[PDB]
file start12.txt (compact mmCIF, C-alpha atoms and all ligand atoms)
# COMPACT_ATOMS: atom_id res chain seq x y z
CA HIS A 4 90.13 221.77 124.70
CA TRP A 5 91.41 222.83 128.10
CA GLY A 6 92.30 226.40 128.94
CA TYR A 7 91.77 229.03 131.63
CA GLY A 8 88.37 230.43 130.70
CA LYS A 9 85.15 229.84 132.59
CA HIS A 10 84.01 226.86 130.58
CA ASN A 11 87.33 225.00 130.29
CA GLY A 12 89.44 226.21 133.22
CA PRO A 13 91.14 224.30 136.01
CA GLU A 14 88.05 223.10 137.69
CA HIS A 15 87.11 221.24 134.53
CA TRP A 16 90.47 219.58 133.81
CA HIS A 17 89.76 216.45 135.81
CA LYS A 18 87.13 215.32 133.28
CA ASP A 19 89.86 214.85 130.64
CA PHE A 20 92.81 214.43 133.02
CA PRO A 21 91.64 212.53 136.08
CA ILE A 22 95.14 212.72 137.64
CA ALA A 23 94.07 216.34 138.35
CA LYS A 24 92.64 214.84 141.55
CA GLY A 25 95.85 212.95 142.30
CA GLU A 26 97.97 212.70 145.47
CA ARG A 27 100.86 214.89 144.42
CA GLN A 28 99.35 217.76 142.41
CA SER A 29 100.83 221.24 142.07
CA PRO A 30 100.89 224.08 142.84
CA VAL A 31 100.41 224.28 146.61
CA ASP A 32 100.38 226.89 149.32
CA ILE A 33 103.69 227.06 151.18
CA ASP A 34 102.97 227.43 154.86
CA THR A 35 106.26 228.86 156.09
CA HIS A 36 105.69 227.90 159.69
CA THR A 37 105.12 224.20 158.97
CA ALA A 38 107.81 223.76 156.37
CA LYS A 39 110.68 221.72 157.82
CA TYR A 40 114.24 222.98 157.73
CA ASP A 41 116.33 220.11 156.37
CA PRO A 42 120.07 220.60 156.84
CA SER A 43 120.63 217.51 154.74
CA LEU A 44 119.67 219.67 151.76
CA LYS A 45 122.50 220.89 149.58
CA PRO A 46 122.88 224.26 147.90
CA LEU A 47 121.54 224.47 144.42
CA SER A 48 124.07 224.39 141.60
CA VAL A 49 122.91 226.42 138.60
CA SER A 50 125.30 226.23 135.68
CA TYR A 51 123.85 228.39 132.91
CA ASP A 52 126.94 230.01 131.45
CA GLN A 53 126.85 227.84 128.32
CA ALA A 54 123.07 228.14 127.74
CA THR A 55 121.85 228.37 124.18
CA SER A 56 118.41 229.86 123.67
CA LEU A 57 116.80 229.10 120.30
CA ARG A 58 113.26 230.39 120.00
CA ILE A 59 110.29 232.03 121.74
CA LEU A 60 106.82 230.59 121.10
CA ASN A 61 103.25 231.58 121.97
CA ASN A 62 101.68 228.16 122.50
CA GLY A 63 98.17 229.43 123.26
CA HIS A 64 98.61 229.06 127.04
CA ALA A 65 101.81 230.99 127.79
CA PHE A 66 104.96 231.98 125.96
CA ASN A 67 107.96 229.68 126.19
CA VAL A 68 111.62 230.41 125.62
CA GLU A 69 113.26 227.20 124.32
CA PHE A 70 116.83 226.08 124.74
CA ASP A 71 119.13 223.61 123.05
CA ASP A 72 119.04 220.59 125.36
CA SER A 73 120.88 218.09 123.15
CA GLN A 74 123.92 218.41 125.41
CA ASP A 75 124.81 219.40 129.01
CA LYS A 76 124.94 223.16 128.26
CA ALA A 77 122.66 224.58 130.98
CA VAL A 78 122.12 222.28 133.91
CA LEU A 79 120.76 222.15 137.42
CA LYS A 80 122.28 219.90 140.06
CA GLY A 81 122.47 219.76 143.83
CA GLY A 82 119.65 220.82 146.12
CA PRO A 83 117.43 217.72 146.64
CA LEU A 84 118.29 216.37 143.22
CA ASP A 85 120.31 213.32 142.26
CA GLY A 86 121.93 213.51 138.90
CA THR A 87 121.94 216.16 136.26
CA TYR A 88 118.93 218.01 134.94
CA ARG A 89 119.03 219.88 131.66
CA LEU A 90 117.23 223.14 130.97
CA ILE A 91 114.77 222.79 128.13
CA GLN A 92 112.51 225.88 128.41
CA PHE A 93 111.14 228.59 130.70
CA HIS A 94 107.76 230.29 130.76
CA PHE A 95 105.62 232.44 133.04
CA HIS A 96 102.19 232.44 134.65
CA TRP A 97 100.63 235.85 135.38
CA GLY A 98 97.48 237.66 136.41
CA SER A 99 95.01 240.20 135.14
CA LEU A 100 95.88 242.33 138.20
CA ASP A 101 99.09 242.79 140.19
CA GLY A 102 97.60 241.01 143.24
CA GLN A 103 97.38 237.61 141.54
CA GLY A 104 99.19 235.57 138.94
CA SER A 105 101.49 233.20 140.75
CA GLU A 106 100.74 229.49 141.00
CA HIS A 107 102.44 228.80 144.31
CA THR A 108 101.55 231.01 147.21
CA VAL A 109 103.47 231.75 150.39
CA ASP A 110 101.30 231.82 153.53
CA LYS A 111 98.40 232.43 151.12
CA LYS A 112 100.15 235.47 149.61
CA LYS A 113 99.88 235.65 145.81
CA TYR A 114 102.55 237.27 143.63
CA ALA A 115 102.08 239.06 140.31
CA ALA A 116 103.63 236.28 138.28
CA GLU A 117 105.72 233.12 138.55
CA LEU A 118 108.69 232.06 136.38
CA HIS A 119 109.19 228.31 135.76
CA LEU A 120 112.60 227.05 134.55
CA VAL A 121 111.91 223.47 133.44
CA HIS A 122 114.67 220.84 133.53
CA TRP A 123 114.68 217.09 132.75
CA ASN A 124 116.74 214.28 134.21
CA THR A 125 119.35 213.25 131.69
CA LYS A 127 119.35 209.66 132.83
CA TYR A 128 116.07 209.16 130.94
CA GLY A 129 117.58 210.30 127.65
CA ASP A 130 114.77 212.55 126.47
CA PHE A 131 112.05 214.84 127.85
CA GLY A 132 109.19 212.56 126.79
CA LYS A 133 110.63 209.64 128.77
CA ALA A 134 111.42 211.87 131.76
CA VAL A 135 107.81 213.00 132.30
CA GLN A 136 106.87 209.37 132.85
CA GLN A 137 109.19 209.11 135.89
CA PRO A 138 108.57 210.28 139.47
CA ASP A 139 111.99 211.98 139.46
CA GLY A 140 111.97 213.00 135.86
CA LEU A 141 111.63 216.81 135.99
CA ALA A 142 112.92 219.59 138.21
CA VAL A 143 111.21 222.93 137.90
CA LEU A 144 112.77 226.06 139.43
CA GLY A 145 110.02 228.47 140.47
CA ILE A 146 110.69 232.16 140.99
CA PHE A 147 108.13 234.69 142.11
CA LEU A 148 107.74 238.11 140.48
CA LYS A 149 106.63 241.15 142.43
CA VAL A 150 105.93 244.57 141.00
CA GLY A 151 108.45 247.31 141.84
CA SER A 152 111.68 248.18 140.01
CA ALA A 153 112.32 246.99 136.46
CA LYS A 154 114.37 243.86 135.83
CA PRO A 155 116.86 244.75 133.13
CA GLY A 156 117.57 241.11 132.22
CA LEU A 157 113.87 240.60 131.37
CA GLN A 158 113.57 243.42 128.86
CA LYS A 159 114.87 241.41 125.86
CA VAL A 160 111.94 239.05 126.44
CA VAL A 161 109.45 241.86 126.87
CA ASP A 162 110.59 243.51 123.66
CA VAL A 163 109.87 240.56 121.35
CA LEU A 164 106.39 239.81 122.68
CA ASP A 165 104.84 241.92 119.96
CA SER A 166 106.15 239.44 117.39
CA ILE A 167 104.39 236.45 118.96
CA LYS A 168 101.11 237.96 120.01
CA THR A 169 98.83 235.09 118.91
CA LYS A 170 98.76 231.33 119.30
CA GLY A 171 101.26 229.46 117.15
CA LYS A 172 103.61 232.39 116.46
CA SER A 173 107.31 231.93 117.13
CA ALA A 174 110.42 234.04 116.70
CA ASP A 175 114.18 233.39 116.67
CA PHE A 176 115.45 234.14 120.19
CA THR A 177 119.19 233.55 120.42
CA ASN A 178 121.86 234.56 122.90
CA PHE A 179 119.45 235.12 125.82
CA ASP A 180 121.19 234.52 129.17
CA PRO A 181 118.78 233.18 131.78
CA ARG A 182 121.19 234.13 134.57
CA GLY A 183 119.79 237.65 134.35
CA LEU A 184 116.48 236.30 135.76
CA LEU A 185 117.82 234.89 139.07
CA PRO A 186 117.49 236.50 142.48
CA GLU A 187 120.57 237.16 144.60
CA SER A 188 119.92 234.30 147.03
CA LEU A 189 119.27 230.66 146.07
CA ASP A 190 117.55 229.60 149.34
CA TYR A 191 114.55 227.45 148.52
CA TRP A 192 111.66 225.26 149.49
CA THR A 193 111.18 221.84 147.87
CA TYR A 194 108.38 219.26 147.58
CA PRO A 195 107.37 216.48 145.20
CA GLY A 196 104.62 217.54 142.82
CA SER A 197 103.25 217.70 139.29
CA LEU A 198 103.08 219.68 136.06
CA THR A 199 100.58 222.51 136.65
CA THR A 200 98.92 222.26 133.23
CA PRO A 201 97.65 219.18 131.44
CA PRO A 202 98.76 216.48 131.24
CA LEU A 203 99.37 217.19 135.01
CA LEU A 204 101.84 214.32 135.31
CA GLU A 205 103.30 213.77 138.76
CA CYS A 206 106.98 213.78 137.71
CA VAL A 207 108.29 217.02 139.18
CA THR A 208 110.64 217.91 142.01
CA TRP A 209 109.63 221.49 142.69
CA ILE A 210 112.26 223.95 143.85
CA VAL A 211 110.68 227.28 144.77
CA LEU A 212 113.05 230.16 145.52
CA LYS A 213 112.30 232.18 148.64
CA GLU A 214 113.48 235.50 147.21
CA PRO A 215 111.26 237.10 144.53
CA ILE A 216 112.60 239.14 141.66
CA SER A 217 110.98 242.50 141.01
CA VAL A 218 109.76 243.67 137.63
CA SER A 219 108.15 246.94 136.66
CA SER A 220 104.47 247.57 136.13
CA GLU A 221 105.24 248.30 132.49
CA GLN A 222 107.06 245.03 132.03
CA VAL A 223 104.15 242.89 133.32
CA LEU A 224 101.64 244.98 131.39
CA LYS A 225 103.31 243.81 128.19
CA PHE A 226 102.67 240.23 129.26
CA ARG A 227 98.98 241.04 129.49
CA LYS A 228 98.80 242.15 125.85
CA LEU A 229 99.36 238.64 124.53
CA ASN A 230 96.52 236.59 123.12
CA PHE A 231 95.27 233.08 123.86
CA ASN A 232 93.62 232.97 120.42
CA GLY A 233 95.24 232.47 117.07
CA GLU A 234 95.49 235.19 114.40
CA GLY A 235 92.21 236.01 112.71
CA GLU A 236 90.17 234.77 115.70
CA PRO A 237 88.32 236.71 118.35
CA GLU A 238 90.75 238.45 120.72
CA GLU A 239 91.02 236.93 124.14
CA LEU A 240 93.78 238.47 126.26
CA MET A 241 96.28 236.07 127.75
CA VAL A 242 95.80 236.71 131.46
CA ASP A 243 95.24 234.61 134.61
CA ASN A 244 96.85 231.53 133.14
CA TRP A 245 97.51 230.11 136.60
CA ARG A 246 96.17 227.06 138.44
CA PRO A 247 95.02 227.51 142.02
CA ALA A 248 96.68 225.84 144.96
CA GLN A 249 95.93 222.12 145.39
CA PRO A 250 95.67 220.05 148.60
CA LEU A 251 99.04 219.12 150.09
CA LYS A 252 97.71 215.71 151.09
CA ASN A 253 100.48 213.36 152.33
CA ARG A 254 103.43 215.70 151.58
CA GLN A 255 106.02 217.66 153.57
CA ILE A 256 107.56 220.87 152.27
CA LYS A 257 111.24 221.12 153.12
CA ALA A 258 113.26 224.35 153.47
CA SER A 259 116.97 224.73 152.75
CA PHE A 260 117.18 227.59 155.24
CA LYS A 261 116.40 228.32 158.89
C1 LIG A 301 107.58 222.06 129.93
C2 LIG A 301 106.65 221.38 129.18
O1 LIG A 301 107.02 220.93 128.09
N1 LIG A 301 105.59 221.33 129.81
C3 LIG A 301 104.97 221.74 130.98
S1 LIG A 301 106.02 222.60 132.02
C4 LIG A 301 104.69 222.74 133.12
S2 LIG A 301 104.92 223.63 134.55
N2 LIG A 301 104.08 224.42 134.60
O2 LIG A 301 106.03 224.06 134.62
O3 LIG A 301 104.61 222.90 135.34
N3 LIG A 301 103.61 222.17 132.67
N4 LIG A 301 103.81 221.55 131.45
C5 LIG A 301 102.74 220.80 130.75
ZN ZN A 302 104.55 226.68 134.58

call {"tool": "encode", "arguments": {"input": "start12.txt", "output": "structure tokens"}}
result
Amino acid sequence: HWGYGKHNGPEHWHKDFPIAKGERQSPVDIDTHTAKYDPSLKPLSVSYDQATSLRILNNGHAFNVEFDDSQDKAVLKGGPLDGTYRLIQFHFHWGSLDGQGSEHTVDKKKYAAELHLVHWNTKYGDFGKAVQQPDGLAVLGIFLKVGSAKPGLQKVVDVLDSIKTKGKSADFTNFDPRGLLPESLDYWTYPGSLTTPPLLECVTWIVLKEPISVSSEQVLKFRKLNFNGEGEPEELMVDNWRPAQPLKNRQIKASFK
């Protein structure tokens, strides 16, 4: 099965998922000098005050925090989007070292980790239908850099012990994802794909320009997770990121000048 090790990592995915070599794959490098300011772009509208987190799960590739998405509780609108997108889960990608870990890069700069808030277009009725549509998902990407601790992340960091191996989950209620947002919502946007298999090209990416900072100690706790399941050989969950893919026929737009 696919993963991030040397025999089954990203450069192998195309043998099982040939869309890996598609025209609108993610992530990409954001060249800040060739991105186009588009004043047609609206501000983002993040409405997370009624969010209901349910659970945190180690799925063998990352950990996900899952939300109740059976109603318009936590939604994303505005920006380049049409319609209403519901939050279903968030997860991170991170590195073995502080100089790598993010999926997107900015003028080839890598960050220590990248947060993905995944949302699906309610007009398609459920997540599984949405991933079949070119406008079905909107993923908010936020970079993490190492510096001062992020207090709103510590609830997540503290439970990681209880989901160390693949397939473990824990109740994770009353977590407020607003505590993970930077001060500014300026962004870049481009049409792209999921960054793990099945690599479907159904995502409007919205990548925030301002990183959040987390402490060394917080990211170190990410690095103690396991890709393996309980009882199996320990393989630390690190470097679960996909490298930048060719931009091909796409334009990155910026909401700011
Ligand atoms: C969110 C979900 O159910 N799946 C995902 S989200 C995703 S990501 N990385 O955000 O692009 N990749 N995949 C396969
Ligand atoms: Zn992701």

call {"tool": "closest_atom_pairs", "arguments": {"input": "start12.txt", "of": "range 80-186 of chain A", "to": "range 43-62 of chain A", "cutoff": "8 Å", "atoms": "all atoms listed in the file", "output": "CSV"}}
result
residue,atom,partner,partner_atom,distance
A:80,CA,A:48,CA,5.1
A:81,CA,A:47,CA,4.8
A:82,CA,A:47,CA,4.4
A:83,CA,A:44,CA,5.9
A:167,CA,A:61,CA,5.8
A:168,CA,A:61,CA,7.0
A:169,CA,A:61,CA,6.4
A:170,CA,A:61,CA,5.2
A:171,CA,A:62,CA,5.5
A:172,CA,A:61,CA,5.6
A:173,CA,A:60,CA,4.2
A:174,CA,A:59,CA,5.4
A:175,CA,A:58,CA,4.6
A:176,CA,A:58,CA,4.3
A:177,CA,A:56,CA,5.0
A:178,CA,A:56,CA,5.9
A:179,CA,A:56,CA,5.8
A:180,CA,A:54,CA,6.8
A:181,CA,A:51,CA,7.1
A:182,CA,A:51,CA,6.5

call {"tool": "residues_near_ligand", "arguments": {"input": "start12.txt", "ligand": "ligand LIG 301 (chain A)", "cutoff": "6 Å", "atoms": "all atoms listed in the file", "output": "ChimeraX atom specification"}}
result
/A:119,121,198-202

call {"tool": "closest_atom_pairs", "arguments": {"input": "start12.txt", "of": "chain A", "to": "ligand ZN 302 (chain A)", "cutoff": "9 Å", "atoms": "all atoms listed in the file", "output": "JSON lines"}}
result
{"residue": "A:65", "atom": "CA", "partner": "A:ZN302", "partner_atom": "ZN", "distance": 8.5}
{"residue": "A:93", "atom": "CA", "partner": "A:ZN302", "partner_atom": "ZN", "distance": 7.9}
{"residue": "A:94", "atom": "CA", "partner": "A:ZN302", "partner_atom": "ZN", "distance": 6.2}
{"residue": "A:95", "atom": "CA", "partner": "A:ZN302", "partner_atom": "ZN", "distance": 6.1}
{"residue": "A:96", "atom": "CA", "partner": "A:ZN302", "partner_atom": "ZN", "distance": 6.2}
{"residue": "A:106", "atom": "CA", "partner": "A:ZN302", "partner_atom": "ZN", "distance": 8.0}
{"residue": "A:117", "atom": "CA", "partner": "A:ZN302", "partner_atom": "ZN", "distance": 7.7}
{"residue": "A:118", "atom": "CA", "partner": "A:ZN302", "partner_atom": "ZN", "distance": 7.0}
{"residue": "A:119", "atom": "CA", "partner": "A:ZN302", "partner_atom": "ZN", "distance": 5.1}
{"residue": "A:120", "atom": "CA", "partner": "A:ZN302", "partner_atom": "ZN", "distance": 8.1}
{"residue": "A:121", "atom": "CA", "partner": "A:ZN302", "partner_atom": "ZN", "distance": 8.1}
{"residue": "A:143", "atom": "CA", "partner": "A:ZN302", "partner_atom": "ZN", "distance": 8.3}
{"residue": "A:145", "atom": "CA", "partner": "A:ZN302", "partner_atom": "ZN", "distance": 8.2}
{"residue": "A:198", "atom": "CA", "partner": "A:ZN302", "partner_atom": "ZN", "distance": 7.3}
{"residue": "A:199", "atom": "CA", "partner": "A:ZN302", "partner_atom": "ZN", "distance": 6.1}
{"residue": "A:200", "atom": "CA", "partner": "A:ZN302", "partner_atom": "ZN", "distance": 7.3}
{"residue": "A:245", "atom": "CA", "partner": "A:ZN302", "partner_atom": "ZN", "distance": 8.1}

call {"tool": "write_last_selection", "arguments": {"input": "start12.txt", "atoms": "C-alpha atoms", "output": "short mmCIF file (atom, residue, chain, number, x, y, z; two decimals), keeping the file's coordinate frame"}}
result
data_model
loop_
_atom_site.label_atom_id
_atom_site.label_comp_id
_atom_site.auth_asym_id
_atom_site.auth_seq_id
_atom_site.Cartn_x
_atom_site.Cartn_y
_atom_site.Cartn_z
CA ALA A 65 101.81 230.99 127.79
CA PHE A 93 111.14 228.59 130.70
CA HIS A 94 107.76 230.29 130.76
CA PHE A 95 105.62 232.44 133.04
CA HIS A 96 102.19 232.44 134.65
CA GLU A 106 100.74 229.49 141.00
CA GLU A 117 105.72 233.12 138.55
CA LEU A 118 108.69 232.06 136.38
CA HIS A 119 109.19 228.31 135.76
CA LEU A 120 112.60 227.05 134.55
CA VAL A 121 111.91 223.47 133.44
CA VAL A 143 111.21 222.93 137.90
CA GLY A 145 110.02 228.47 140.47
CA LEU A 198 103.08 219.68 136.06
CA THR A 199 100.58 222.51 136.65
CA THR A 200 98.92 222.26 133.23
CA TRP A 245 97.51 230.11 136.60
#

call {"tool": "closest_residue", "arguments": {"input": "start12.txt", "among": "A:184, A:229, A:206, A:218", "to": "residue 115 in chain A", "atoms": "all atoms listed in the file"}}
result
A:218

call {"tool": "closest_residue", "arguments": {"input": "start12.txt", "among": "A:88, A:235, A:111, A:19", "to": "residue 134 in chain A", "atoms": "only C-alpha atoms"}}
result
A:88

call {"tool": "atom_distance", "arguments": {"input": "start12.txt", "atom1": "CA of residue 243 in chain A", "atom2": "CA of residue 92 in chain A"}}
result
20.3 Å

call {"tool": "atom_distance", "arguments": {"input": "start12.txt", "atom1": "CA of residue 63 in chain A", "atom2": "CA of residue 91 in chain A"}}
result
18.5 Å

call {"tool": "atom_distance", "arguments": {"input": "start12.txt", "atom1": "CA of residue 26 in chain A", "atom2": "CA of residue 203 in chain A"}}
result
11.5 Å

call {"tool": "closest_residue", "arguments": {"input": "start12.txt", "among": "A:113, A:66, A:130, A:196", "to": "residue 22 in chain A", "atoms": "all atoms listed in the file"}}
result
A:196

call {"tool": "residues_around", "arguments": {"input": "start12.txt", "residues": "residue 33 in chain A", "least_positions_apart": "6", "cutoff": "12 Å", "atoms": "only C-alpha atoms", "output": "JSON, numbers by chain"}}
result
{"A": [39, 106, 107, 108, 109, 110, 111, 112, 113, 191, 192, 193, 194, 209, 210, 211, 212, 213, 248, 249, 250, 251, 254, 255, 256, 257, 258]}

call {"tool": "residues_around", "arguments": {"input": "start12.txt", "residues": "residue 207 in chain A", "least_positions_apart": "4", "cutoff": "6 Å", "atoms": "all atoms listed in the file", "output": "PyMOL selection string"}}
result
chain A and resi 141-142+196-197

call {"tool": "axis_aligned_box", "arguments": {"input": "start12.txt", "around": "range 5-17 of chain A", "padding_each_side": "6 Å", "output": "JSON"}}
result
{"center_x": 88.2, "center_y": 223.4, "center_z": 132.9, "size_x": 20.3, "size_y": 26.0, "size_z": 21.6}

call {"tool": "closest_residue", "arguments": {"input": "start12.txt", "among": "A:29, A:105, A:253, A:222", "to": "residue 154 in chain A", "atoms": "all atoms listed in the file"}}
result
A:222

call {"tool": "residues_around", "arguments": {"input": "start12.txt", "residues": "residue 15 in chain A", "least_positions_apart": "2", "cutoff": "12 Å", "atoms": "only C-alpha atoms", "output": "number ranges by chain"}}
result
A: 4-13, 17-21, 23-24, 200-201, 246

call {"tool": "closest_residue", "arguments": {"input": "start12.txt", "among": "A:137, A:217, A:208, A:99", "to": "residue 241 in chain A", "atoms": "all atoms listed in the file"}}
result
A:99

call {"tool": "decode", "arguments": {"input": "start12.txt", "residues": "range 42-77 of chain A", "atoms": "C-alpha atoms", "output": "short mmCIF file (atom, residue, chain, number, x, y, z; two decimals), in the first residue's frame"}}
result
data_model
loop_
_atom_site.label_atom_id
_atom_site.label_comp_id
_atom_site.auth_asym_id
_atom_site.auth_seq_id
_atom_site.Cartn_x
_atom_site.Cartn_y
_atom_site.Cartn_z
CA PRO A 42 -9.03 42.44 -6.99
CA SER A 43 -12.08 40.49 -8.08
CA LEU A 44 -11.30 38.15 -5.19
CA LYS A 45 -13.43 38.51 -2.09
CA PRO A 46 -12.36 38.24 1.53
CA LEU A 47 -12.66 34.83 3.03
CA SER A 48 -15.60 34.25 5.36
CA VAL A 49 -14.76 31.73 8.08
CA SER A 50 -17.70 30.94 10.32
CA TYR A 51 -16.49 28.45 12.92
CA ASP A 52 -18.28 29.62 16.05
CA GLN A 53 -20.73 26.71 15.97
CA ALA A 54 -18.13 24.01 15.15
CA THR A 55 -18.54 20.63 16.76
CA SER A 56 -15.44 18.46 16.94
CA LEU A 57 -16.10 14.75 17.54
CA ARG A 58 -12.96 12.63 17.43
CA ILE A 59 -9.22 12.49 16.71
CA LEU A 60 -7.89 9.55 14.69
CA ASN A 61 -4.46 8.23 13.72
CA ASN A 62 -5.18 6.89 10.24
CA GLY A 63 -1.66 5.59 9.56
CA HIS A 64 -0.70 8.64 7.45
CA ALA A 65 -1.50 11.61 9.69
CA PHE A 66 -3.85 12.39 12.55
CA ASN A 67 -7.23 13.89 11.73
CA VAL A 68 -9.58 15.87 13.91
CA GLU A 69 -13.16 15.18 12.70
CA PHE A 70 -16.16 17.44 12.90
CA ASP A 71 -19.91 17.01 12.70
CA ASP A 72 -20.72 18.02 9.12
CA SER A 73 -24.37 16.93 9.01
CA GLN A 74 -25.42 20.58 9.16
CA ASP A 75 -24.04 24.06 8.36
CA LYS A 76 -22.19 24.43 11.70
CA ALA A 77 -18.68 25.40 10.56
#
